[PDB]
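Visitor: The structure is given below, and queries will be raised subsequently.
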Amino acid sequence: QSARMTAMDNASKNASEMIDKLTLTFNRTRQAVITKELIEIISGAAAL
Amino acid sequence: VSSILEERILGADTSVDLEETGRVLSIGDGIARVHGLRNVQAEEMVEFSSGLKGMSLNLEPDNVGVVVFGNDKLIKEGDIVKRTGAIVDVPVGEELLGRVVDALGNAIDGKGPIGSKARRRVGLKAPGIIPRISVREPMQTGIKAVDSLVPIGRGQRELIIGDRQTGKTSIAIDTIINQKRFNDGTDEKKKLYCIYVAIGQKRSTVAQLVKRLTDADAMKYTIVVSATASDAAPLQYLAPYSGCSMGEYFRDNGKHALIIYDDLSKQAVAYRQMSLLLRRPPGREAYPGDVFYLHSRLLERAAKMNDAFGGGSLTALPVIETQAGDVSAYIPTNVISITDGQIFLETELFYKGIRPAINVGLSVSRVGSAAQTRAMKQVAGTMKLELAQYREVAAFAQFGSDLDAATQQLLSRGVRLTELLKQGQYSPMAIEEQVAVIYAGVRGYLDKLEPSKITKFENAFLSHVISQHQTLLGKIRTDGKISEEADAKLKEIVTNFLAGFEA
Amino acid sequence: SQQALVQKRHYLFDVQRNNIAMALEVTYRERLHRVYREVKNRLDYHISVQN
Amino acid sequence: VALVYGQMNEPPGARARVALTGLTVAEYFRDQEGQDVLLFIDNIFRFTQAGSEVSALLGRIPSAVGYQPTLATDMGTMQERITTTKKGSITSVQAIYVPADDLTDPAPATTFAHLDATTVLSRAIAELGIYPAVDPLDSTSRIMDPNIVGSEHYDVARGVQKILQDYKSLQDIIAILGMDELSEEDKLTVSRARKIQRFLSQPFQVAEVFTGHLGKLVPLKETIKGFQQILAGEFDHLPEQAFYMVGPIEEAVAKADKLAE
Amino acid sequence: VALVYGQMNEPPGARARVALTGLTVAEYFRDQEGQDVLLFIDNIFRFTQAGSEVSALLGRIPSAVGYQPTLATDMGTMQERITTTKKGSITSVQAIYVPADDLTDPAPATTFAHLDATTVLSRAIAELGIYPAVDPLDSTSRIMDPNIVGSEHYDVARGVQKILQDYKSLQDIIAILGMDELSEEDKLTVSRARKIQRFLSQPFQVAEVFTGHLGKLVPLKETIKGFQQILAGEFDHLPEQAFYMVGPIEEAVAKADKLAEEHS
Amino acid sequence: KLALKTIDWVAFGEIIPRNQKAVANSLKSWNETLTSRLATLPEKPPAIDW
Amino acid sequence: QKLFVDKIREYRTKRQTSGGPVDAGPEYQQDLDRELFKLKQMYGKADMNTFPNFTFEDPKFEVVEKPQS
Ligand SMILES: Nc1ncnc2c1ncn2[C@@H]1O[C@H](COP(=O)(O)OP(=O)(O)O)[C@@H](O)[C@H]1O
Ligand SMILES: [Mg+2]
């Protein structure tokens, strides 16, 4: 029980770190998708 | 010399005639706004005075956008543009077989001119619901995985979708190299005339492709149609329609034909270049609207013909690459939506070890068991259901969720059939050896046999069956169904070979 | 059972006999294919030089 | 049956307006024929693709993801023409494509806004192996109310949806440690929900060539009794593959007897 | 060696025509002299990017991500002229920048289409410390074929790629849980994989200023023998620190012996 | 010009000593490979036309 | 029939100029030598007449023996 508590503490910490990293790459992917869709709409309305 | 003399001086008519022309405005980047052609018809082959064709699209009241078939240095502002008088057309014959033909009709391989007879319009209308009949013939590829999970029908279209560098062109060339044994045989229904339209590739890949087909003796089904990278964007645009028109010639004569559209996304990007240079509004990912209509024409030019219309079939298989496996991109969603059969390669199984790298459950053939032989249907349906069970139980029991005897049975049979479906490059096998080896894999006799030893089992088993069991394989492939005496005989031979394998 | 293994003693030596016969026949057929290959090479080289 | 068929390789004016041709024929069979008529429109996403292609070429600014700005208005016209009126009764089953399983595409979202009882046909439950890979956890119904259908049918439907929705979070609990620590009752409801989800599969008569099984017909009361009998605790001992490709509960009994002895 | 330089200080019209310059020099040395030339073109994304800058000024409609519509065919003509022909041989090594590490960008994607041997000199494997940080999975070559490179080289290469793909799946599991959730098969795969992944790294001659080691020139048969021994698993006792910046496998055995002796 | 006598390869396993079992494996696998090498070759190409 | 009969006449004049390929220059023979050199590469260093057959090899399979069965 002592070593299991230690292993689950360290696994929660590693999972929280990877949640933080994946949230950062989710946000930059979100911004890239918004900018891509925006450039497509603006390019369409300008080439019209 | 003298024959060359007389063919030069008799062949050209020099029959001058009054003809519609028009001068040229902006010759931008392969596009030419031509002022004057007030009787040109839409999408027509027209001819620039330096000897080079162009195709008239985008008829506007100002001017006509003719997009050139080739180089742009050879065109100035102010030169004539003569109407040829007809829609752009492809010269098709059966003497076009085994010869690399540049996208219009122009055989650029150094083996003389093409002996064509039947000119054909390239933008033709596909057949309707009455001239078509359903898939009946089993289009075999020689790949165990394709012919046992996603079989093709003579009468059908089926994608080869993946990411870059996965084995898609190699699957297409396995499909080509299988059909030699049906060409040199007896039945006309088995024989193959295929058209490999290489869109937007490099010339040395097409050259080494022709090397592999000539060394494998493929050049009587095959018609290689190369619109490479240095070719203009309308040659890359128009090349798979040319291969479709040649396939339609063979189909409407009544010969079972196919077309492999290698790198069909290059047609999509060449047509994107054409639309953005002809100033059409861009849609999504800067591809215009009618890219789906483009590929939809191109891919619905193929299904089995009626028994009163010759009986010839067409098998369209286009090869398409995604980027980072993104199936949700514009061209993969369009080309999945038009086709029905589709073979999915994910690539992590290519680096993990199965070849050809069909990563699988995404891949589906809607015609299913109708496009198999009777033996492969009798054997390989429980294999597909077992692989589905295996995939889902391994997916939740990645860590050892619950292991009874049933779960280790599922993982055992799943891993063993996974190593059954491995197959080397450029080695297609016939249907009867596939029925024999999937019989040795699914119907017991391999479930507890050390999964690293499956490949040597494959090699020694094929050596055994090709050694003293050729007439029995003849019975299997000619009788259709695997008969009950042949069933118990395959049981006895796989048991004897299990002894000789643990010998 | 040792009597039964005594009776079967004309199989191993037969395997050596037909192994040697198949090796020699394959070698003679390789002679045939090889000289076909080189005369093929000569005639195709002359044809390509003329072309 | 009256068939109106526009092929997938026609220009977008012929691939948008052919749905409207089917609407016009089925309106005449509803307006002044005086007949209960049903219309099967497969597959209204070519309508929106055709509209997006002409709107690229007509000279209109591209909207959100790349479709026309007149998406909701045009599909509102051609989906409010197709409804039952006081003159006649018309029921419309619509096979509606979504691109690469993306339900947040605006044309499937507005199509959701026009329906009465949808049915999601996912893929993930066919990666499992259940066909068609039907999501009822994303499916809707205007018809499902305790006065319309009943209290028995409604309560067994909400019980099946409750035990399948709980099976997802419980399965994500399983996915790290396994079947060891859930509980007695937690492992029991995981196996019960998995057994229900295998019982949702049903062999179609038209699909006797994909799986080989002949295919059966199941009435409503038999479905209510079968799911109420799986929720009632009668079949906690039979394996999950006994319920896989069956019709009534008697077929599951017969397949369990075939697998056992 | 002849030299052509159109370096990054140049206006975009100049940089859009440097590959053409050095390429027609090397195309002279192929055609009308018959030599076996090398063509070292760094960095062909600068060619494509100068094309995009000019085309944004040329009034053409912007294509996808921000490039020109003529990305496939301008680079198409320029890459099709870089070819080995009957008249002579070109071996052309060309460095191809990727913008912001996107391999889905249109210019690197079409350049993957136009090549015979790719090498994905990644960055994350340099975060791990391996130099060059060649992603070897996404790197392939057209010439790897058992009817060309032999059966031994092919089996060793595909085994190395198999062990590294299994290590990628297992490093997902390791990054969440840890290495105390793996079996003996999984841990032997992880250990052999880290040994192989360190042994791919070698010190170069030109990068002797950054590291400390001299330039190691590893022959072919020693590469096959070293990776074949590590793959077959004869080195289940050496540390993974002994395979880093090594070269030949005898240098790895000697580094492990010298590590044990300096700990002695 | 071949004289072939095929046996069932079970008595080939029943007939060998422990001393030459590895060499019998080598001769068996080499004979299997050589029979396959025979089977891959057709008898002769046609004569070169003139 | 204006131009092509003049071209016919010049086909005669190039045809009458036999005794070697017309007005060739040295780079003609240089291109001949490079193409002939690649053609020398595609077979080796053999002769254009009196072809050789093979080098007579000998398949030597070692005699299997045994002490005692
Ligand atoms: N059955 C197979 N066995 C071994 N290697 C294979 C097999 N199928 C494909 N490959 C590999 O796939 C590569 C070719 O991929 P290819 O079909 O050219 O993809 P793309 O056309 O997208 O570049 C080759 O390097 C080859 O080694
Ligand atoms: Mg390809």
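The chains in the structure tokens are called A, B, ... from first to last as shown; in each chain the residues are counted from 1, and the ligands are counted from 1 in the order shown.
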Would you give me, as JSON lines, each residue of chain B having an atom within 6 Å of an atom of ligand 2, along with its shortest atom pair and that distance in Å to one decimal, using only C-alpha atoms and all ligand atoms and sorting by chain and residue number?
Guide:
```
{"residue": "B:169", "atom": "CA", "partner": "ligand 2", "partner_atom_place_in_ligand_line": "1 (Mg)", "distance": 4.4}
{"residue": "B:262", "atom": "CA", "partner": "ligand 2", "partner_atom_place_in_ligand_line": "1 (Mg)", "distance": 5.8}
{"residue": "B:263", "atom": "CA", "partner": "ligand 2", "partner_atom_place_in_ligand_line": "1 (Mg)", "distance": 5.7}
```
Visitor: May I have the residues within 6 Å of ligand 1, computed using only C-alpha atoms and all ligand atoms, as a PyMOL selection string?
Guide: (chain B and resi 164-170+355-356+423-425) or (chain E and resi 142+145)
Visitor: For those residues, write N, CA and C atoms to a file as a compact mmCIF listing (two decimals), in the first residue's frame.
Guide:
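Saved the output as selection.txt:
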```txt
# COMPACT_ATOMS: atom_id res chain seq x y z
N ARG B 164 1.79 9.16 -46.90
CA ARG B 164 2.93 8.97 -47.79
C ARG B 164 3.82 7.83 -47.31
N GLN B 165 4.38 7.10 -48.28
CA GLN B 165 5.38 6.05 -48.07
C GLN B 165 4.84 4.95 -47.15
N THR B 166 3.83 4.26 -47.65
CA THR B 166 3.21 3.20 -46.88
C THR B 166 3.11 1.89 -47.65
N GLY B 167 3.01 1.94 -48.97
CA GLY B 167 2.95 0.72 -49.75
C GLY B 167 1.78 0.70 -50.70
N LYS B 168 1.24 1.88 -50.98
CA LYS B 168 0.04 1.99 -51.79
C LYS B 168 0.30 1.72 -53.26
N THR B 169 1.35 2.34 -53.82
CA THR B 169 1.78 2.02 -55.17
C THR B 169 2.24 0.58 -55.26
N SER B 170 2.83 0.06 -54.18
CA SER B 170 3.25 -1.34 -54.15
C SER B 170 2.05 -2.28 -54.14
N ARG B 355 3.20 -6.36 -43.56
CA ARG B 355 3.36 -5.87 -44.92
C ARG B 355 2.46 -6.71 -45.82
N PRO B 356 1.59 -6.12 -46.65
CA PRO B 356 1.28 -4.71 -46.83
C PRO B 356 0.50 -4.14 -45.66
N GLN B 423 2.95 -10.34 -46.01
CA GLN B 423 3.29 -10.81 -47.35
C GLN B 423 4.36 -9.91 -47.95
N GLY B 424 5.37 -10.51 -48.57
CA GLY B 424 6.46 -9.75 -49.13
C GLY B 424 6.06 -8.93 -50.34
N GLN B 425 6.94 -7.99 -50.69
CA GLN B 425 6.69 -7.10 -51.81
C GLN B 425 6.89 -7.82 -53.13
N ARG E 142 14.21 4.60 -51.41
CA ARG E 142 13.65 3.75 -52.44
C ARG E 142 14.48 2.49 -52.65
N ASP E 145 15.38 -2.78 -50.48
CA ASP E 145 14.69 -3.83 -51.21
C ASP E 145 15.60 -5.05 -51.07
```
Visitor: At a cut-off of 10 Å, using only C-alpha atoms, what residues contact residue 83 in chain E? Leave out same-chain residues fewer than 2 positions from it and give the result as a PyMOL selection string.
Guide: (chain B and resi 202-204) or (chain E and resi 27+30+78-81+85-86+88-92)
Visitor: What would the file look like if the residues just selected were written as a JSON list (two decimals), in the first residue's frame with N, CA and C atoms?
Guide:
```
[["chain", "number", "residue", "atom", "x", "y", "z"],
["B", 202, "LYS", "N", 7.37, 11.57, -60.54],
["B", 202, "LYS", "CA", 8.63, 11.88, -61.19],
["B", 202, "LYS", "C", 8.91, 10.84, -62.27],
["B", 203, "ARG", "N", 9.71, 11.23, -63.26],
["B", 203, "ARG", "CA", 9.89, 10.37, -64.43],
["B", 203, "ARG", "C", 10.71, 9.13, -64.12],
["B", 204, "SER", "N", 11.60, 9.20, -63.13],
["B", 204, "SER", "CA", 12.39, 8.02, -62.82],
["B", 204, "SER", "C", 11.59, 6.99, -62.04],
["E", 27, "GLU", "N", 24.24, 20.44, -64.77],
["E", 27, "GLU", "CA", 23.64, 19.80, -65.93],
["E", 27, "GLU", "C", 24.54, 19.91, -67.14],
["E", 30, "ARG", "N", 27.00, 17.07, -66.42],
["E", 30, "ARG", "CA", 26.43, 15.78, -66.75],
["E", 30, "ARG", "C", 26.41, 15.54, -68.25],
["E", 78, "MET", "N", 11.82, 22.30, -61.77],
["E", 78, "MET", "CA", 13.15, 22.42, -61.17],
["E", 78, "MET", "C", 13.65, 21.09, -60.62],
["E", 79, "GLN", "N", 12.77, 20.23, -60.11],
["E", 79, "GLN", "CA", 13.20, 18.94, -59.60],
["E", 79, "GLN", "C", 13.34, 17.90, -60.71],
["E", 80, "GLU", "N", 12.54, 18.00, -61.77],
["E", 80, "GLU", "CA", 12.70, 17.06, -62.87],
["E", 80, "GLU", "C", 13.96, 17.32, -63.67],
["E", 81, "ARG", "N", 14.48, 18.54, -63.64],
["E", 81, "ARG", "CA", 15.79, 18.72, -64.25],
["E", 81, "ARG", "C", 16.91, 18.12, -63.40],
["E", 85, "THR", "N", 20.61, 10.56, -65.81],
["E", 85, "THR", "CA", 20.15, 10.31, -67.16],
["E", 85, "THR", "C", 21.10, 9.28, -67.77],
["E", 86, "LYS", "N", 20.90, 8.95, -69.04],
["E", 86, "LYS", "CA", 21.83, 8.05, -69.71],
["E", 86, "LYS", "C", 23.17, 8.72, -69.96],
["E", 88, "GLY", "N", 24.86, 10.83, -68.14],
["E", 88, "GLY", "CA", 25.73, 10.99, -67.00],
["E", 88, "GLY", "C", 24.94, 10.83, -65.73],
["E", 89, "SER", "N", 25.64, 10.92, -64.61],
["E", 89, "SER", "CA", 25.04, 10.67, -63.31],
["E", 89, "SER", "C", 25.04, 11.93, -62.47],
["E", 90, "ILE", "N", 23.91, 12.20, -61.81],
["E", 90, "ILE", "CA", 23.83, 13.18, -60.74],
["E", 90, "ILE", "C", 23.48, 12.44, -59.47],
["E", 91, "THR", "N", 24.25, 12.65, -58.42],
["E", 91, "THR", "CA", 23.84, 12.30, -57.07],
["E", 91, "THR", "C", 23.63, 13.62, -56.35],
["E", 92, "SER", "N", 22.38, 13.96, -56.08],
["E", 92, "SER", "CA", 22.04, 15.30, -55.62],
["E", 92, "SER", "C", 21.50, 15.23, -54.21]]
```
Visitor: Can you tell me, as a VMD selection string, what residues are no more than 12 Å from range 56-59 of chain E when counting only C-alpha atoms, ignoring any on the same chain fewer than 6 positions away?
Guide: (chain A and resid 47) or (chain B and resid 28 to 29 276 to 277 279) or (chain E and resid 12 to 13 49 to 50 66 to 70)
Visitor: Keeping C-alpha atoms for every residue in the selection just given, could you write it to a file as a PDB file, in the first residue's frame?
Guide:
```
ATOM      1  CA  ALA A  47     -10.958  36.853 -55.065  1.00  0.00           C
TER       2      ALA A  47
ATOM      3  CA  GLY B  28       0.148  34.614 -67.713  1.00  0.00           C
ATOM      4  CA  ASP B  29       1.360  31.277 -66.350  1.00  0.00           C
ATOM      5  CA  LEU B 276      -6.634  29.727 -59.228  1.00  0.00           C
ATOM      6  CA  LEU B 277      -4.855  30.816 -62.404  1.00  0.00           C
ATOM      7  CA  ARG B 279      -9.311  33.335 -61.423  1.00  0.00           C
TER       8      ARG B 279
ATOM      9  CA  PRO E  12      13.224  37.154 -53.783  1.00  0.00           C
ATOM     10  CA  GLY E  13      13.748  37.169 -57.539  1.00  0.00           C
ATOM     11  CA  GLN E  49       9.528  30.581 -50.410  1.00  0.00           C
ATOM     12  CA  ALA E  50      11.084  33.135 -52.758  1.00  0.00           C
ATOM     13  CA  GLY E  66      -0.034  31.103 -48.046  1.00  0.00           C
ATOM     14  CA  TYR E  67       1.914  29.811 -51.026  1.00  0.00           C
ATOM     15  CA  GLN E  68       1.348  30.220 -54.785  1.00  0.00           C
ATOM     16  CA  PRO E  69      -0.851  28.033 -56.995  1.00  0.00           C
ATOM     17  CA  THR E  70       2.234  27.021 -58.995  1.00  0.00           C
TER      18      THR E  70
END
```
Visitor: Using only C-alpha atoms, find which residues of chain B lie within 12 Å of chain G and jot them down as a ChimeraX atom specification.
Guide: /B:1-16
Visitor: Once you have the residues from the selection above, write them out as a compact mmCIF listing (two decimals), in the first residue's frame, restricted to N, CA, C and O atoms.
Guide:
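See again.txt below for the written result:
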```txt
# COMPACT_ATOMS: atom_id res chain seq x y z
N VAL B 1 14.86 6.06 -95.46
CA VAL B 1 15.21 7.35 -96.04
C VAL B 1 14.17 7.76 -97.07
O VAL B 1 13.51 8.79 -96.91
N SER B 2 14.03 6.96 -98.13
CA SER B 2 13.07 7.27 -99.17
C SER B 2 11.63 7.07 -98.70
O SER B 2 10.73 7.83 -99.10
N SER B 3 11.40 6.08 -97.84
CA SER B 3 10.08 5.91 -97.25
C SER B 3 9.76 7.06 -96.31
O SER B 3 8.61 7.51 -96.23
N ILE B 4 10.78 7.57 -95.61
CA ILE B 4 10.62 8.74 -94.76
C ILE B 4 10.28 9.96 -95.61
O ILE B 4 9.39 10.75 -95.26
N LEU B 5 10.96 10.10 -96.75
CA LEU B 5 10.69 11.16 -97.72
C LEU B 5 9.23 11.15 -98.16
O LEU B 5 8.52 12.16 -98.05
N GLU B 6 8.78 9.99 -98.65
CA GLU B 6 7.44 9.92 -99.22
C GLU B 6 6.35 10.03 -98.16
O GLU B 6 5.30 10.62 -98.43
N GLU B 7 6.61 9.56 -96.93
CA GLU B 7 5.60 9.74 -95.89
C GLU B 7 5.53 11.19 -95.43
O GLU B 7 4.44 11.68 -95.10
N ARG B 8 6.66 11.91 -95.45
CA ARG B 8 6.64 13.33 -95.11
C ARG B 8 5.91 14.15 -96.17
O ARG B 8 5.15 15.06 -95.83
N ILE B 9 6.12 13.84 -97.44
CA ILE B 9 5.55 14.68 -98.49
C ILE B 9 4.15 14.26 -98.91
O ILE B 9 3.46 15.04 -99.58
N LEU B 10 3.69 13.07 -98.52
CA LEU B 10 2.31 12.69 -98.78
C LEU B 10 1.43 12.82 -97.55
O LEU B 10 0.22 13.01 -97.69
N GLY B 11 2.00 12.72 -96.35
CA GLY B 11 1.18 12.69 -95.15
C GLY B 11 0.55 14.03 -94.81
O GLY B 11 -0.65 14.10 -94.56
N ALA B 12 1.35 15.09 -94.80
CA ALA B 12 0.80 16.42 -94.55
C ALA B 12 0.05 16.89 -95.78
O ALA B 12 0.61 16.92 -96.88
N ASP B 13 -1.22 17.25 -95.60
CA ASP B 13 -2.04 17.65 -96.73
C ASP B 13 -1.62 19.02 -97.25
O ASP B 13 -1.64 19.25 -98.46
N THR B 14 -1.22 19.91 -96.33
CA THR B 14 -1.08 21.35 -96.56
C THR B 14 -2.33 21.93 -97.22
O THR B 14 -2.25 22.77 -98.12
N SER B 15 -3.49 21.46 -96.77
CA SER B 15 -4.78 21.89 -97.30
C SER B 15 -5.20 23.10 -96.48
O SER B 15 -5.76 22.98 -95.40
N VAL B 16 -4.89 24.28 -97.01
CA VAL B 16 -5.21 25.51 -96.30
C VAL B 16 -6.71 25.75 -96.38
O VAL B 16 -7.38 25.40 -97.36
```
Visitor: Could you state the separation of CA of residue 82 in chain D and CA of residue 27 in chain D in Å, given to one decimal place?
Guide: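 Separation of CA of residue 82 in chain D and CA of residue 27 in chain D: 7.7 Å.
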Visitor: Counting only C-alpha atoms, collect the residues of chain A whose closest atom lies at most 9 Å from chain E, and write them out as an NGL selection string.
Guide: :A and (7-8 or 10-12 or 14-15 or 18 or 36 or 39-40 or 43 or 47)
Visitor: Can you write out the residues you just picked, keeping N, CA, C and O atoms, as a short mmCIF file (atom, residue, chain, number, x, y, z; two decimals), in the first residue's frame?
Guide:
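Output below, filename again.cif:
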```cif
data_model
loop_
_atom_site.label_atom_id
_atom_site.label_comp_id
_atom_site.auth_asym_id
_atom_site.auth_seq_id
_atom_site.Cartn_x
_atom_site.Cartn_y
_atom_site.Cartn_z
N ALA A 7 3.39 5.20 -6.24
CA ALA A 7 3.29 5.06 -7.69
C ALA A 7 2.11 5.83 -8.25
O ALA A 7 2.21 6.43 -9.32
N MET A 8 0.99 5.87 -7.52
CA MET A 8 -0.15 6.62 -8.04
C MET A 8 0.03 8.12 -7.85
O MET A 8 -0.48 8.89 -8.67
N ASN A 10 3.03 9.58 -8.26
CA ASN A 10 3.90 9.93 -9.38
C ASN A 10 3.18 9.82 -10.72
O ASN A 10 3.44 10.62 -11.63
N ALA A 11 2.25 8.88 -10.86
CA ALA A 11 1.51 8.78 -12.11
C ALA A 11 0.50 9.91 -12.27
O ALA A 11 0.29 10.38 -13.39
N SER A 12 -0.11 10.37 -11.17
CA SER A 12 -0.96 11.55 -11.26
C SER A 12 -0.15 12.79 -11.62
O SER A 12 -0.63 13.64 -12.39
N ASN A 14 2.70 12.84 -13.44
CA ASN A 14 3.09 12.73 -14.85
C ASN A 14 1.90 12.95 -15.77
O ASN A 14 2.03 13.59 -16.83
N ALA A 15 0.72 12.47 -15.37
CA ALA A 15 -0.48 12.69 -16.16
C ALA A 15 -0.89 14.16 -16.14
O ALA A 15 -1.35 14.67 -17.16
N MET A 18 1.39 15.95 -18.55
CA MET A 18 1.06 15.71 -19.95
C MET A 18 -0.28 16.35 -20.33
O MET A 18 -0.45 16.75 -21.48
N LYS A 36 -6.66 29.54 -40.19
CA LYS A 36 -6.75 28.91 -41.50
C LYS A 36 -8.12 29.13 -42.12
O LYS A 36 -8.23 29.53 -43.29
N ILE A 39 -8.47 32.77 -43.14
CA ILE A 39 -7.75 33.11 -44.36
C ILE A 39 -8.46 32.54 -45.59
O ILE A 39 -8.50 33.19 -46.64
N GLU A 40 -9.11 31.37 -45.46
CA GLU A 40 -9.87 30.84 -46.58
C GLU A 40 -11.09 31.70 -46.90
O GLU A 40 -11.36 31.99 -48.08
N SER A 43 -9.81 35.06 -48.37
CA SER A 43 -9.32 34.84 -49.73
C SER A 43 -10.47 34.65 -50.70
O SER A 43 -10.41 35.14 -51.84
N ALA A 47 -11.03 37.31 -53.68
CA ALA A 47 -10.96 36.85 -55.06
C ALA A 47 -12.31 36.89 -55.76
O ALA A 47 -12.35 36.70 -56.98
#
```
Visitor: Give me, as a PyMOL selection string, all polymer residues having an atom no more than 9 Å from residue 250 in chain B, counting only C-alpha atoms and skipping those fewer than 4 positions away in the same chain.
Guide: chain B and resi 93-94+193+245-246+254-257+312-314
Visitor: Kindly give the distance, in Å, that separates CA of residue 291 in chain B and CA of residue 123 in chain B, rounded to a single decimal.
Guide: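 For CA of residue 291 in chain B relative to CA of residue 123 in chain B, the distance reads 15.2 Å.
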Visitor: Let me make sure I understand: among E:214, E:54, E:95, E:120, which one has the smallest atom-to-atom distance to residue 19 in chain E if we use only C-alpha atoms?
Guide: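 Ranking E:214, E:54, E:95, E:120 by distance to residue 19 in chain E, first place goes to E:95.
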Visitor: Out of range 90-233 of chain D, which residues get strand (DSSP E) from DSSP, as a list in words?
Guide: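 Those residues are residues 90, 91, 92, 93, 94, 95, 120, 121, 134 and 135 of chain D.
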Visitor: Which residue gives the smallest distance to chain A among B:92, B:198, B:114, B:278, with only C-alpha atoms counted?
Guide: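 Smallest distance to chain A is found for B:278.
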Visitor: Quick one: distance from CA of residue 311 in chain B to CA of residue 364 in chain B in Å, one decimal?
Guide: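 Answer for the CA of residue 311 in chain B to CA of residue 364 in chain B separation: 26.0 Å.
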Visitor: Hey, list the chain C side of the contact with chain F: 9 Å cut-off, only C-alpha atoms, answer as number ranges by chain.
Guide: C: 5-6, 8-9, 11-12, 14-19, 21-23, 25-26, 29, 32-33, 36, 39-40
Visitor: Per residue of chain D within 7 Å of chain B, note the shortest atom pair and the distance in Å to one decimal, counting only C-alpha atoms, and order the rows by chain and increasing residue number, as a tab-separated table.
Guide:
```
residue	atom	partner	partner_atom	distance
D:8	CA	B:296	CA	6.5
D:9	CA	B:297	CA	4.8
D:11	CA	B:293	CA	6.8
D:52	CA	B:289	CA	6.5
D:53	CA	B:289	CA	4.0
D:56	CA	B:289	CA	5.4
D:57	CA	B:281	CA	6.8
D:62	CA	B:283	CA	6.9
D:66	CA	B:284	CA	5.6
D:99	CA	B:333	CA	6.1
D:100	CA	B:328	CA	5.6
D:127	CA	B:361	CA	5.9
D:128	CA	B:392	CA	5.6
D:129	CA	B:388	CA	6.0
D:175	CA	B:396	CA	6.2
D:177	CA	B:401	CA	6.9
D:178	CA	B:401	CA	3.8
D:179	CA	B:401	CA	5.1
D:209	CA	B:369	CA	6.4
D:210	CA	B:368	CA	6.2
```
Visitor: If you run DSSP on this backbone, which residues of range 170-263 of chain E come out as alpha helix (DSSP H), and could you give them as a PyMOL selection string?
Guide: chain E and resi 170-176+184-199+220-232+249-262
Visitor: Give the residues of chain B that lie within 10 Å of chain F; count only C-alpha atoms, and format the answer as a list in words.
Guide: residues 460, 463, 464, 466, 467, 468, 496, 499, 500 and 503 of chain B
Visitor: For N, CA, C and O atoms, I'd like the residues from the last selection saved as a tab-separated table (two decimals), in the first residue's frame.
Guide:
```tsv
chain	number	residue	atom	x	y	z
B	460	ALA	N	7.52	-22.92	-46.04
B	460	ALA	CA	7.56	-24.36	-46.20
B	460	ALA	C	6.20	-24.92	-46.62
B	460	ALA	O	6.15	-25.92	-47.35
B	463	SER	N	5.89	-24.22	-50.33
B	463	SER	CA	6.79	-25.14	-51.01
B	463	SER	C	6.21	-26.55	-51.08
B	463	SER	O	6.27	-27.20	-52.13
B	464	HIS	N	5.60	-27.01	-49.98
B	464	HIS	CA	4.94	-28.31	-49.93
B	464	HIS	C	3.81	-28.41	-50.95
B	464	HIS	O	3.75	-29.35	-51.77
B	466	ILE	N	3.05	-26.43	-53.54
B	466	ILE	CA	3.48	-26.33	-54.93
B	466	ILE	C	4.34	-27.52	-55.33
B	466	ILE	O	4.51	-27.79	-56.53
B	467	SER	N	4.86	-28.28	-54.36
B	467	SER	CA	5.68	-29.43	-54.70
B	467	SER	C	4.84	-30.61	-55.16
B	467	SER	O	4.98	-31.05	-56.31
B	468	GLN	N	3.95	-31.14	-54.31
B	468	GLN	CA	3.25	-32.33	-54.79
B	468	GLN	C	1.72	-32.21	-54.77
B	468	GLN	O	1.02	-33.22	-54.80
B	496	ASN	N	-0.54	-33.45	-41.53
B	496	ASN	CA	0.74	-34.03	-41.94
B	496	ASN	C	1.84	-32.98	-41.97
B	496	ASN	O	2.97	-33.24	-41.55
B	499	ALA	N	2.93	-32.11	-38.50
B	499	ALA	CA	3.93	-33.09	-38.07
B	499	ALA	C	5.30	-32.79	-38.69
B	499	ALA	O	6.31	-32.73	-37.98
B	500	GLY	N	5.33	-32.56	-40.00
B	500	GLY	CA	6.58	-32.21	-40.68
B	500	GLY	C	7.12	-30.84	-40.32
B	500	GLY	O	8.26	-30.52	-40.68
B	503	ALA	N	8.83	-31.49	-37.06
B	503	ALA	CA	9.84	-32.51	-37.33
B	503	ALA	C	11.16	-31.81	-37.62
B	503	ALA	O	12.18	-32.44	-37.91
```
